file entry23.tsv (TSV, C-alpha atoms)
chain	number	residue	atom	x	y	z
A	1	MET	CA	10.83	3.78	-14.09
A	2	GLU	CA	13.29	2.15	-16.66
A	3	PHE	CA	13.40	0.66	-20.21
A	4	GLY	CA	10.45	2.70	-21.44
A	5	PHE	CA	9.02	4.91	-18.69
A	6	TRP	CA	5.44	3.98	-19.42
A	7	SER	CA	6.40	0.40	-20.27
A	8	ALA	CA	8.00	0.16	-16.84
A	9	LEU	CA	5.19	1.85	-14.95
A	10	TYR	CA	2.69	-0.67	-16.44
A	11	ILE	CA	5.05	-3.44	-15.27
A	12	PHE	CA	5.41	-1.94	-11.80
A	13	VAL	CA	1.66	-1.66	-11.20
A	14	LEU	CA	0.70	-4.96	-12.86
A	15	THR	CA	3.29	-6.78	-10.80
A	16	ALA	CA	2.00	-5.03	-7.69
A	17	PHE	CA	-1.65	-5.80	-8.47
A	18	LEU	CA	-0.69	-9.38	-9.32
A	19	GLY	CA	1.35	-9.81	-6.15
A	20	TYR	CA	-1.29	-8.39	-3.86
A	21	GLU	CA	-3.91	-10.49	-5.64
A	22	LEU	CA	-2.18	-13.89	-5.20
A	23	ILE	CA	-2.15	-13.47	-1.46
A	24	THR	CA	-5.80	-12.63	-0.89
A	25	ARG	CA	-7.58	-15.69	0.44
A	26	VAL	CA	-4.40	-16.98	2.19
A	27	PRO	CA	-5.30	-18.84	5.46
A	28	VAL	CA	-3.94	-17.82	8.85
A	29	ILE	CA	-1.95	-21.00	9.47
A	30	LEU	CA	0.04	-20.18	6.28
A	31	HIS	CA	0.81	-16.52	7.21
A	32	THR	CA	4.33	-16.93	8.52
A	33	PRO	CA	5.46	-19.61	6.03
A	34	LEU	CA	4.16	-17.31	3.33
A	35	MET	CA	6.20	-14.54	4.89
A	36	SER	CA	9.28	-16.79	4.83
A	37	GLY	CA	8.87	-17.78	1.19
A	38	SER	CA	8.25	-14.21	0.06
A	39	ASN	CA	11.29	-13.27	2.15
A	40	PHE	CA	13.22	-15.97	0.39
A	41	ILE	CA	12.05	-14.62	-2.98
A	42	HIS	CA	13.41	-11.09	-2.53
A	43	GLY	CA	16.61	-13.10	-2.11
A	44	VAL	CA	17.21	-12.33	-5.80
A	45	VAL	CA	18.90	-9.18	-4.52
A	46	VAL	CA	22.13	-11.20	-4.93
A	47	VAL	CA	21.85	-11.05	-8.73
A	48	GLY	CA	21.81	-7.21	-8.43
A	49	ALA	CA	24.64	-7.15	-5.88
A	50	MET	CA	26.48	-9.68	-8.10
A	51	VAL	CA	26.42	-7.24	-11.01
A	52	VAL	CA	27.51	-4.34	-8.82
A	53	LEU	CA	30.46	-6.49	-7.72
A	54	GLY	CA	31.33	-7.70	-11.18
A	55	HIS	CA	31.80	-4.12	-12.44
A	56	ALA	CA	33.46	-2.66	-9.36
A	57	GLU	CA	36.66	-0.59	-9.67
A	58	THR	CA	37.98	1.77	-6.86
A	59	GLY	CA	38.13	-0.96	-4.16
A	60	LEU	CA	35.67	0.77	-1.85
A	61	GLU	CA	33.18	-0.32	-4.50
A	62	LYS	CA	34.56	-3.90	-4.24
A	63	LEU	CA	34.34	-3.96	-0.45
A	64	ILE	CA	30.78	-2.72	-0.25
A	65	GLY	CA	29.84	-4.79	-3.35
A	66	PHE	CA	31.41	-7.82	-1.61
A	67	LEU	CA	29.18	-7.25	1.46
A	68	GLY	CA	26.18	-6.82	-0.84
A	69	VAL	CA	26.61	-10.34	-2.25
A	70	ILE	CA	27.17	-11.98	1.19
A	71	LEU	CA	24.07	-10.30	2.58
A	72	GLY	CA	22.07	-11.16	-0.54
A	73	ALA	CA	23.26	-14.77	-0.54
A	74	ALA	CA	22.27	-15.34	3.06
A	75	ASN	CA	18.86	-13.85	2.43
A	76	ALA	CA	18.27	-16.41	-0.33
A	77	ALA	CA	19.99	-19.36	1.35
A	78	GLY	CA	18.71	-18.74	4.87
A	79	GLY	CA	15.19	-17.81	3.73
A	80	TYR	CA	14.95	-21.01	1.69
A	81	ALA	CA	16.07	-23.13	4.62
A	82	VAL	CA	13.79	-21.48	7.10
A	83	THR	CA	10.71	-21.76	4.83
A	84	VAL	CA	11.40	-25.46	4.36
A	85	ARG	CA	11.53	-26.06	8.11
A	86	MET	CA	8.29	-24.23	8.78
A	87	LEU	CA	6.57	-26.35	6.12
A	88	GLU	CA	7.80	-29.51	7.88
A	89	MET	CA	5.53	-28.66	10.81
A	90	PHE	CA	2.49	-29.67	8.79
A	91	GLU	CA	3.84	-33.14	8.21
A	92	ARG	CA	2.84	-36.34	10.05
A	93	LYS	CA	5.45	-38.63	11.64
A	94	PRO	CA	5.25	-42.21	10.19
B	1	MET	CA	21.34	-9.44	-23.38
B	2	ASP	CA	18.65	-11.58	-25.04
B	3	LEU	CA	19.46	-14.95	-23.34
B	4	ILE	CA	19.80	-13.26	-19.96
B	5	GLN	CA	16.49	-11.49	-20.73
B	6	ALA	CA	15.04	-14.89	-21.57
B	7	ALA	CA	16.40	-16.45	-18.36
B	8	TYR	CA	15.34	-13.64	-16.04
B	9	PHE	CA	11.92	-13.84	-17.65
B	10	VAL	CA	11.49	-17.52	-16.85
B	11	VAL	CA	12.68	-16.61	-13.33
B	12	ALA	CA	9.68	-14.28	-12.95
B	13	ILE	CA	7.32	-17.03	-14.02
B	14	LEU	CA	8.96	-19.30	-11.46
B	15	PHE	CA	8.61	-16.74	-8.60
B	16	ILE	CA	5.03	-15.91	-9.54
B	17	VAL	CA	3.93	-19.54	-9.62
B	18	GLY	CA	5.94	-20.29	-6.52
B	19	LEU	CA	4.52	-17.44	-4.55
B	20	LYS	CA	1.14	-18.43	-5.97
B	21	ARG	CA	1.51	-21.96	-4.60
B	22	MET	CA	2.94	-21.00	-1.18
B	23	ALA	CA	-0.42	-19.40	-0.45
B	24	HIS	CA	-2.72	-22.47	-0.78
B	25	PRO	CA	-2.82	-25.52	1.65
B	26	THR	CA	-2.49	-28.45	-0.82
B	27	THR	CA	0.10	-26.68	-2.90
B	28	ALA	CA	2.31	-24.89	-0.31
B	29	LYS	CA	5.13	-27.41	-0.20
B	30	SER	CA	5.86	-27.15	-3.92
B	31	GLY	CA	5.81	-23.37	-3.85
B	32	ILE	CA	9.20	-23.00	-2.22
B	33	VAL	CA	10.62	-25.62	-4.63
B	34	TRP	CA	9.42	-23.67	-7.72
B	35	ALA	CA	10.82	-20.42	-6.32
B	36	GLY	CA	14.02	-22.28	-5.54
B	37	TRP	CA	14.62	-23.01	-9.23
B	38	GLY	CA	13.81	-19.37	-9.85
B	39	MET	CA	16.83	-18.46	-7.66
B	40	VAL	CA	19.17	-21.02	-9.26
B	41	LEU	CA	18.29	-19.95	-12.78
B	42	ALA	CA	18.74	-16.34	-11.77
B	43	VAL	CA	22.13	-16.81	-10.02
B	44	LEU	CA	23.58	-18.83	-12.99
B	45	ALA	CA	22.22	-16.60	-15.72
B	46	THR	CA	23.76	-13.50	-14.15
B	47	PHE	CA	27.31	-14.89	-14.66
B	48	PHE	CA	26.84	-14.00	-18.35
B	49	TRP	CA	26.20	-10.33	-17.71
B	50	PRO	CA	28.39	-8.53	-20.21
B	51	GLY	CA	31.45	-6.88	-18.67
B	52	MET	CA	31.39	-9.25	-15.73
B	53	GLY	CA	34.56	-9.53	-13.65
B	54	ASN	CA	35.93	-9.87	-10.10
B	55	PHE	CA	34.66	-13.43	-10.27
B	56	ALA	CA	36.80	-14.58	-7.25
B	57	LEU	CA	35.27	-12.01	-4.96
B	58	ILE	CA	31.85	-13.05	-6.35
B	59	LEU	CA	32.40	-16.84	-5.76
B	60	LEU	CA	33.81	-16.07	-2.37
B	61	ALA	CA	30.85	-13.88	-1.28
B	62	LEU	CA	28.13	-16.26	-2.63
B	63	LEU	CA	29.88	-19.17	-0.91
B	64	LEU	CA	30.53	-17.35	2.43
B	65	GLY	CA	27.03	-15.86	2.94
B	66	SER	CA	25.00	-18.75	1.50
B	67	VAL	CA	26.70	-21.45	3.61
B	68	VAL	CA	27.00	-19.67	7.01
B	69	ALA	CA	23.34	-18.72	6.57
B	70	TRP	CA	22.22	-22.21	5.60
B	71	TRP	CA	24.27	-23.58	8.53
B	72	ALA	CA	22.43	-21.40	11.05
B	73	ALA	CA	18.89	-21.98	9.72
B	74	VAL	CA	19.23	-25.73	10.01
B	75	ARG	CA	20.53	-25.86	13.64
B	76	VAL	CA	18.20	-23.30	15.24
B	77	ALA	CA	15.22	-24.41	17.37
B	78	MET	CA	11.77	-24.05	15.70
B	79	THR	CA	11.01	-21.67	18.52
B	80	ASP	CA	13.52	-19.05	17.13
B	81	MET	CA	12.24	-19.07	13.59
B	82	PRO	CA	10.69	-15.59	13.80
B	83	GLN	CA	13.99	-13.83	14.42
B	84	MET	CA	15.64	-15.91	11.66
B	85	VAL	CA	13.07	-14.60	9.17
B	86	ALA	CA	13.90	-11.18	10.58
B	87	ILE	CA	17.61	-11.34	10.24
B	88	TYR	CA	17.65	-12.84	6.74
B	89	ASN	CA	15.22	-10.06	5.85
B	90	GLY	CA	17.45	-7.39	7.27
B	91	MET	CA	20.32	-8.56	5.07
B	92	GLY	CA	18.16	-8.62	1.96
B	93	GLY	CA	17.66	-4.90	2.62
B	94	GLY	CA	21.35	-4.28	3.32
B	95	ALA	CA	21.94	-5.78	-0.16
B	96	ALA	CA	19.36	-3.43	-1.67
B	97	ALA	CA	21.39	-0.57	-0.10
B	98	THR	CA	24.75	-1.84	-1.25
B	99	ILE	CA	23.53	-1.99	-4.85
B	100	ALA	CA	22.25	1.55	-4.45
B	101	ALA	CA	25.44	2.71	-2.69
B	102	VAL	CA	27.94	1.42	-5.25
B	103	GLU	CA	26.11	2.77	-8.23
B	104	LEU	CA	25.53	6.06	-6.44
B	105	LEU	CA	29.32	6.49	-5.91
B	106	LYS	CA	30.28	5.52	-9.44
B	107	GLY	CA	27.60	8.20	-10.10
B	108	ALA	CA	26.62	5.85	-12.92
B	109	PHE	CA	23.25	7.59	-13.48
B	110	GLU	CA	22.38	9.83	-16.46
B	111	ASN	CA	18.63	9.99	-15.78
B	112	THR	CA	18.27	11.89	-12.48
B	113	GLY	CA	14.86	10.19	-11.93
B	114	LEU	CA	16.61	6.82	-11.88
B	115	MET	CA	19.08	8.22	-9.42
B	116	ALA	CA	16.11	9.28	-7.30
B	117	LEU	CA	14.68	5.71	-7.51
B	118	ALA	CA	18.05	4.26	-6.41
B	119	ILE	CA	18.24	6.66	-3.47
B	120	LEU	CA	14.70	5.82	-2.39
B	121	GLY	CA	15.57	2.13	-2.46
B	122	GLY	CA	18.73	2.87	-0.50
B	123	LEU	CA	16.77	4.66	2.20
B	124	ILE	CA	14.12	1.94	2.43
B	125	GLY	CA	16.77	-0.80	2.33
B	126	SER	CA	18.88	0.72	5.08
B	127	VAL	CA	15.80	1.07	7.27
B	128	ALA	CA	14.74	-2.52	6.76
B	129	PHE	CA	18.32	-3.59	7.53
B	130	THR	CA	18.87	-2.11	10.99
B	131	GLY	CA	15.12	-2.31	11.63
B	132	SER	CA	15.13	-6.04	11.22
B	133	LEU	CA	18.23	-6.34	13.44
B	134	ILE	CA	16.59	-4.51	16.32
B	135	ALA	CA	13.74	-6.97	15.82
B	136	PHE	CA	16.10	-9.93	16.07
B	137	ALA	CA	17.87	-8.53	19.12
B	138	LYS	CA	14.62	-8.09	20.94
B	139	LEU	CA	13.38	-11.60	20.31
B	140	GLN	CA	16.78	-13.01	21.26
B	141	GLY	CA	16.76	-11.14	24.56
B	142	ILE	CA	19.94	-9.24	23.64
B	143	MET	CA	17.75	-6.13	24.10
B	144	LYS	CA	14.74	-5.00	26.12
B	145	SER	CA	11.72	-6.80	24.59
B	146	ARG	CA	9.23	-4.07	25.34
B	147	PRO	CA	8.85	-0.60	23.86
B	148	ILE	CA	12.06	1.36	24.41
B	149	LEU	CA	10.59	4.86	25.08
B	150	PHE	CA	12.24	8.28	25.78
B	151	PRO	CA	11.70	12.14	26.10
B	152	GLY	CA	10.27	13.63	22.82
B	153	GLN	CA	11.12	10.55	20.77
B	154	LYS	CA	8.38	11.13	18.13
B	155	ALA	CA	10.18	14.35	17.33
B	156	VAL	CA	13.73	12.99	17.17
B	157	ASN	CA	12.51	10.20	14.84
B	158	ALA	CA	10.67	12.52	12.47
B	159	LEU	CA	13.76	14.79	12.69
B	160	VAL	CA	16.22	12.09	11.67
B	161	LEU	CA	13.88	10.91	8.90
B	162	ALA	CA	13.41	14.47	7.67
B	163	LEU	CA	17.11	15.09	7.84
B	164	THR	CA	17.70	11.77	5.96
B	165	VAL	CA	15.19	12.37	3.18
B	166	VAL	CA	16.64	15.90	2.77
B	167	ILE	CA	20.31	15.05	2.64
B	168	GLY	CA	19.13	12.15	0.37
B	169	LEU	CA	17.56	14.55	-2.20
B	170	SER	CA	20.87	16.46	-1.92
B	171	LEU	CA	22.54	13.71	-3.90
B	172	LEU	CA	20.57	14.82	-7.00
B	173	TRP	CA	22.35	18.23	-7.16
B	174	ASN	CA	25.51	17.44	-5.18
B	175	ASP	CA	26.46	13.73	-5.06
B	176	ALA	CA	29.55	14.28	-2.88
B	177	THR	CA	30.91	10.96	-1.55
B	178	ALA	CA	30.77	12.58	1.96
B	179	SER	CA	26.96	13.13	1.57
B	180	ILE	CA	26.55	9.45	0.62
B	181	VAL	CA	28.05	7.94	3.79
B	182	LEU	CA	26.08	10.52	5.81
B	183	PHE	CA	22.84	9.57	3.97
B	184	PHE	CA	23.27	5.86	4.80
B	185	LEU	CA	24.33	6.48	8.41
B	186	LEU	CA	21.15	8.43	8.86
B	187	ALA	CA	19.08	5.79	7.00
B	188	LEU	CA	20.61	3.04	9.24
B	189	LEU	CA	20.13	5.31	12.22
B	190	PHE	CA	16.42	5.86	11.39
B	191	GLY	CA	16.10	2.06	10.98
B	192	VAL	CA	17.00	1.55	14.67
B	193	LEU	CA	15.03	4.53	15.92
B	194	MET	CA	11.91	3.27	14.16
B	195	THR	CA	11.80	0.00	16.00
B	196	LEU	CA	12.88	0.82	19.62
B	197	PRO	CA	9.27	1.57	20.43
B	198	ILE	CA	8.01	-1.74	19.01
B	199	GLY	CA	7.07	-4.39	21.60
B	200	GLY	CA	8.33	-7.97	21.31
B	201	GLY	CA	4.71	-9.24	21.11
B	202	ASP	CA	4.03	-7.12	18.02
B	203	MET	CA	7.20	-8.28	16.32
B	204	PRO	CA	5.46	-10.63	13.75
B	205	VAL	CA	3.78	-7.56	12.22
B	206	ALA	CA	6.95	-5.48	12.34
B	207	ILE	CA	8.83	-8.26	10.55
B	208	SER	CA	6.07	-8.61	7.89
B	209	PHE	CA	6.28	-4.84	7.51
B	210	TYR	CA	10.03	-4.91	6.94
B	211	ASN	CA	9.58	-7.77	4.51
B	212	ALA	CA	7.31	-5.58	2.41
B	213	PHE	CA	9.93	-2.87	2.90
B	214	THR	CA	12.92	-4.80	1.53
B	215	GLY	CA	10.87	-6.25	-1.36
B	216	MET	CA	9.96	-2.70	-2.32
B	217	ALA	CA	13.60	-1.70	-1.70
B	218	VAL	CA	14.80	-4.25	-4.26
B	219	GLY	CA	12.09	-3.56	-6.85
B	220	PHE	CA	13.06	0.14	-6.76
B	221	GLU	CA	16.70	-0.89	-6.98
B	222	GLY	CA	15.88	-3.05	-9.94
B	223	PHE	CA	14.07	-0.31	-11.86
B	224	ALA	CA	16.93	2.16	-11.29
B	225	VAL	CA	19.60	-0.15	-12.62
B	226	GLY	CA	18.11	-2.07	-15.54
B	227	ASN	CA	17.30	-5.33	-13.90
B	228	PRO	CA	14.02	-7.15	-14.58
B	229	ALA	CA	14.60	-10.05	-12.15
B	230	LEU	CA	14.66	-7.54	-9.29
B	231	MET	CA	11.93	-5.27	-10.73
B	232	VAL	CA	9.37	-8.09	-10.76
B	233	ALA	CA	10.29	-10.14	-7.68
B	234	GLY	CA	10.91	-7.00	-5.69
B	235	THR	CA	7.53	-5.44	-6.20
B	236	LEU	CA	5.77	-8.82	-6.26
B	237	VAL	CA	6.95	-9.29	-2.64
B	238	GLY	CA	6.60	-5.62	-1.65
B	239	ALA	CA	2.94	-5.73	-2.76
B	240	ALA	CA	2.14	-9.18	-1.39
B	241	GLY	CA	4.10	-8.23	1.77
B	242	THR	CA	2.11	-5.11	2.59
B	243	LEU	CA	-1.16	-7.07	2.21
B	244	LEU	CA	0.35	-9.81	4.41
B	245	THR	CA	1.14	-7.23	7.11
B	246	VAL	CA	-2.43	-6.00	7.07
B	247	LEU	CA	-3.72	-9.61	7.42
B	248	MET	CA	-1.27	-10.52	10.14
B	249	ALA	CA	-2.30	-7.40	12.17
B	250	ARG	CA	-6.00	-8.10	11.62
B	251	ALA	CA	-5.42	-11.68	12.81
B	252	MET	CA	-3.67	-10.42	15.94
B	253	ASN	CA	-6.79	-8.33	16.65
B	254	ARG	CA	-4.72	-5.17	16.34
B	255	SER	CA	-3.61	-2.51	13.87
B	256	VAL	CA	-0.39	-1.72	12.07
B	257	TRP	CA	-0.06	1.83	13.23
B	258	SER	CA	-0.46	0.66	16.80
B	259	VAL	CA	2.29	-1.78	16.33
B	260	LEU	CA	4.58	0.96	15.14
B	261	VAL	CA	3.94	3.12	18.12
B	262	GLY	CA	4.40	2.12	21.74
call {"tool": "encode", "arguments": {"input": "entry23.tsv", "output": "structure tokens"}}
result
Amino acid sequence: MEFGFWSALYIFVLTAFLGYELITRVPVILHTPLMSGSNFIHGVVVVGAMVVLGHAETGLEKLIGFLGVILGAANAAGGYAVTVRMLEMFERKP
Amino acid sequence: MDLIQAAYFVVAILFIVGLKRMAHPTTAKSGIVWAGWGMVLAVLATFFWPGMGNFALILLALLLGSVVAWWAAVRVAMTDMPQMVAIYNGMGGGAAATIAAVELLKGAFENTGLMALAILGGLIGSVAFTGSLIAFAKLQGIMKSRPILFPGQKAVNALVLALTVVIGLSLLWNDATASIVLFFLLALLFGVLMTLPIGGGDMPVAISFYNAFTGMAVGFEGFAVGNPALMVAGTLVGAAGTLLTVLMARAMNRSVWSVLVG
């Protein structure tokens, strides 16, 4: 891994343990909204695509970096929206 | 470096707490809100990356993708929410691959182990991408719902995957720009092939599976390039996502492997 190979490996595994751990004891009714929110969260891919795009030369790199950001932005935007709508199903009417 | 570090750090705390709260009944509604700020902070803070340019392309692409996507999510019937989760997921993975792909063809890697990480994330991303699209198609009735089977499929799938992995490793010795497009074609190709056999009724577990897959994709992508916001959030979701897939399968009184096959 990166920025200190061991440093990073500790991060990788701790984050993985921590992630796994937060989700144990989730109820069934919350499965798919949980899926939507976690799907929304890996929406940060934009940030990575954004940096690829920001440093792109050669034009191929711009094209494919341009798609990267579109794809990444929809993942975050769309995922957010969808999660919110699922959560509205729990809500009463008056 | 240090204020971005500081921002991206607070972003992790916001995704962790958010994901934490999405998982409990009283606290679920706030969860998405907390993670929301996470995104905002992250998207702003990355403008200050040193050496940042092409800002017009950037503002275009953020604006284009975010709005068209928002537009769709809001109009769709509640009944089509599974495929929406699928298709936004697919594109998350496509992004993971694009990051990989660009860096791979500026060959901007000194450490060959990082290169390997990037390639792994590319492969996993590309699979999630087309994999999640086949999922969408099926739900939407654009394709046969039920398992699309054929003569010696098991073998052709393993074969493409094997061929993909192999020509993927190739990029470590020879990173020829021809090998790169081939690598991705094959990774996208294996994405589709993987999901043909998956029935429409099992699709919730396939989608949860691909969610784990793109999370992982982006965490790998984040470690390879030096990006903490991806490293954390990526694996956080990859790890939570694989557990989710187990629990969703269990709930559906069936197993993950079964879902994958016929």
call {"tool": "closest_atom_pairs", "arguments": {"input": "entry23.tsv", "of": "chain B", "to": "chain A", "cutoff": "6 Å", "atoms": "all atoms listed in the file", "output": "JSON lines"}}
result
{"residue": "B:20", "atom": "CA", "partner": "A:22", "partner_atom": "CA", "distance": 5.7}
{"residue": "B:22", "atom": "CA", "partner": "A:34", "partner_atom": "CA", "distance": 6.0}
{"residue": "B:23", "atom": "CA", "partner": "A:26", "partner_atom": "CA", "distance": 5.4}
{"residue": "B:43", "atom": "CA", "partner": "A:47", "partner_atom": "CA", "distance": 5.9}
{"residue": "B:52", "atom": "CA", "partner": "A:54", "partner_atom": "CA", "distance": 4.8}
{"residue": "B:53", "atom": "CA", "partner": "A:54", "partner_atom": "CA", "distance": 4.5}
{"residue": "B:54", "atom": "CA", "partner": "A:54", "partner_atom": "CA", "distance": 5.2}
{"residue": "B:61", "atom": "CA", "partner": "A:70", "partner_atom": "CA", "distance": 4.8}
{"residue": "B:62", "atom": "CA", "partner": "A:73", "partner_atom": "CA", "distance": 5.5}
{"residue": "B:65", "atom": "CA", "partner": "A:70", "partner_atom": "CA", "distance": 4.3}
{"residue": "B:66", "atom": "CA", "partner": "A:74", "partner_atom": "CA", "distance": 4.6}
{"residue": "B:69", "atom": "CA", "partner": "A:78", "partner_atom": "CA", "distance": 4.9}
{"residue": "B:70", "atom": "CA", "partner": "A:78", "partner_atom": "CA", "distance": 5.0}
{"residue": "B:73", "atom": "CA", "partner": "A:82", "partner_atom": "CA", "distance": 5.8}
{"residue": "B:88", "atom": "CA", "partner": "A:75", "partner_atom": "CA", "distance": 4.6}
{"residue": "B:91", "atom": "CA", "partner": "A:71", "partner_atom": "CA", "distance": 4.8}
{"residue": "B:92", "atom": "CA", "partner": "A:72", "partner_atom": "CA", "distance": 5.3}
{"residue": "B:95", "atom": "CA", "partner": "A:68", "partner_atom": "CA", "distance": 4.4}
{"residue": "B:98", "atom": "CA", "partner": "A:68", "partner_atom": "CA", "distance": 5.2}
{"residue": "B:99", "atom": "CA", "partner": "A:49", "partner_atom": "CA", "distance": 5.4}
{"residue": "B:102", "atom": "CA", "partner": "A:61", "partner_atom": "CA", "distance": 5.6}
{"residue": "B:215", "atom": "CA", "partner": "A:42", "partner_atom": "CA", "distance": 5.6}
{"residue": "B:223", "atom": "CA", "partner": "A:2", "partner_atom": "CA", "distance": 5.4}
{"residue": "B:234", "atom": "CA", "partner": "A:42", "partner_atom": "CA", "distance": 5.7}
{"residue": "B:235", "atom": "CA", "partner": "A:16", "partner_atom": "CA", "distance": 5.7}
{"residue": "B:236", "atom": "CA", "partner": "A:19", "partner_atom": "CA", "distance": 4.5}
{"residue": "B:237", "atom": "CA", "partner": "A:38", "partner_atom": "CA", "distance": 5.8}
{"residue": "B:239", "atom": "CA", "partner": "A:16", "partner_atom": "CA", "distance": 5.1}
{"residue": "B:240", "atom": "CA", "partner": "A:20", "partner_atom": "CA", "distance": 4.3}
call {"tool": "residues_near_point", "arguments": {"input": "entry23.tsv", "point": "(22.7, 3.7, -14.8)", "cutoff": "7 Å", "atoms": "all atoms listed in the file", "output": "JSON, numbers by chain"}}
result
{"B": [108, 109, 110, 224, 225]}
call {"tool": "write_last_selection", "arguments": {"input": "entry23.tsv", "atoms": "C-alpha atoms", "output": "PDB file, keeping the file's coordinate frame"}}
result
ATOM      1  CA  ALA B 108      26.620   5.850 -12.920  1.00  0.00           C
ATOM      2  CA  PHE B 109      23.250   7.590 -13.480  1.00  0.00           C
ATOM      3  CA  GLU B 110      22.380   9.830 -16.460  1.00  0.00           C
ATOM      4  CA  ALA B 224      16.930   2.160 -11.290  1.00  0.00           C
ATOM      5  CA  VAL B 225      19.600  -0.150 -12.620  1.00  0.00           C
TER       6      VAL B 225
END
call {"tool": "atom_distance", "arguments": {"input": "entry23.tsv", "atom1": "atom CA of residue B:37", "atom2": "atom CA of residue B:229"}}
result
13.3 Å
call {"tool": "atom_distance", "arguments": {"input": "entry23.tsv", "atom1": "atom CA of residue B:156", "atom2": "atom CA of residue B:185"}}
result
15.2 Å
call {"tool": "closest_residue", "arguments": {"input": "entry23.tsv", "among": "B:28, B:198, B:207, B:56", "to": "residue B:84", "atoms": "all atoms listed in the file"}}
result
B:207
call {"tool": "closest_residue", "arguments": {"input": "entry23.tsv", "among": "B:163, B:135, B:105, B:254", "to": "residue B:85", "atoms": "only C-alpha atoms"}}
result
B:135
call {"tool": "closest_residue", "arguments": {"input": "entry23.tsv", "among": "B:35, B:78, B:182, B:148", "to": "residue B:123", "atoms": "only C-alpha atoms"}}
result
B:182
call {"tool": "residues_around", "arguments": {"input": "entry23.tsv", "residues": "residue B:202", "least_positions_apart": "4", "cutoff": "9 Å", "atoms": "all atoms listed in the file", "output": "list in words"}}
result
residues 198, 206, 207, 249, 252, 259 and 260 of chain B
call {"tool": "atom_distance", "arguments": {"input": "entry23.tsv", "atom1": "atom CA of residue B:42", "atom2": "atom CA of residue B:8"}}
result
6.1 Å
call {"tool": "residues_near_point", "arguments": {"input": "entry23.tsv", "point": "(24.9, 7.1, -10.2)", "cutoff": "12 Å", "atoms": "all atoms listed in the file", "output": "mmCIF file with C-alpha atoms, in the coordinates of the input"}}
result
data_model
loop_
_atom_site.group_PDB
_atom_site.id
_atom_site.type_symbol
_atom_site.label_atom_id
_atom_site.label_comp_id
_atom_site.auth_asym_id
_atom_site.auth_seq_id
_atom_site.Cartn_x
_atom_site.Cartn_y
_atom_site.Cartn_z
ATOM 1 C CA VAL A 52 27.510 -4.340 -8.820
ATOM 2 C CA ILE B 99 23.530 -1.990 -4.850
ATOM 3 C CA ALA B 100 22.250 1.550 -4.450
ATOM 4 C CA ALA B 101 25.440 2.710 -2.690
ATOM 5 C CA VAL B 102 27.940 1.420 -5.250
ATOM 6 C CA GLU B 103 26.110 2.770 -8.230
ATOM 7 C CA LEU B 104 25.530 6.060 -6.440
ATOM 8 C CA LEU B 105 29.320 6.490 -5.910
ATOM 9 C CA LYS B 106 30.280 5.520 -9.440
ATOM 10 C CA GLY B 107 27.600 8.200 -10.100
ATOM 11 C CA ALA B 108 26.620 5.850 -12.920
ATOM 12 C CA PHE B 109 23.250 7.590 -13.480
ATOM 13 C CA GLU B 110 22.380 9.830 -16.460
ATOM 14 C CA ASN B 111 18.630 9.990 -15.780
ATOM 15 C CA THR B 112 18.270 11.890 -12.480
ATOM 16 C CA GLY B 113 14.860 10.190 -11.930
ATOM 17 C CA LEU B 114 16.610 6.820 -11.880
ATOM 18 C CA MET B 115 19.080 8.220 -9.420
ATOM 19 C CA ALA B 116 16.110 9.280 -7.300
ATOM 20 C CA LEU B 117 14.680 5.710 -7.510
ATOM 21 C CA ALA B 118 18.050 4.260 -6.410
ATOM 22 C CA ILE B 119 18.240 6.660 -3.470
ATOM 23 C CA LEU B 171 22.540 13.710 -3.900
ATOM 24 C CA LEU B 172 20.570 14.820 -7.000
ATOM 25 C CA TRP B 173 22.350 18.230 -7.160
ATOM 26 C CA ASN B 174 25.510 17.440 -5.180
ATOM 27 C CA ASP B 175 26.460 13.730 -5.060
ATOM 28 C CA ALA B 176 29.550 14.280 -2.880
ATOM 29 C CA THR B 177 30.910 10.960 -1.550
ATOM 30 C CA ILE B 180 26.550 9.450 0.620
ATOM 31 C CA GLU B 221 16.700 -0.890 -6.980
ATOM 32 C CA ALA B 224 16.930 2.160 -11.290
ATOM 33 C CA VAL B 225 19.600 -0.150 -12.620
#
call {"tool": "axis_aligned_box", "arguments": {"input": "entry23.tsv", "around": "stretch 104-119 of chain B", "padding_each_side": "8 Å", "output": "JSON"}}
result
{"center_x": 22.5, "center_y": 8.1, "center_z": -10.0, "size_x": 31.6, "size_y": 23.6, "size_z": 29.0}
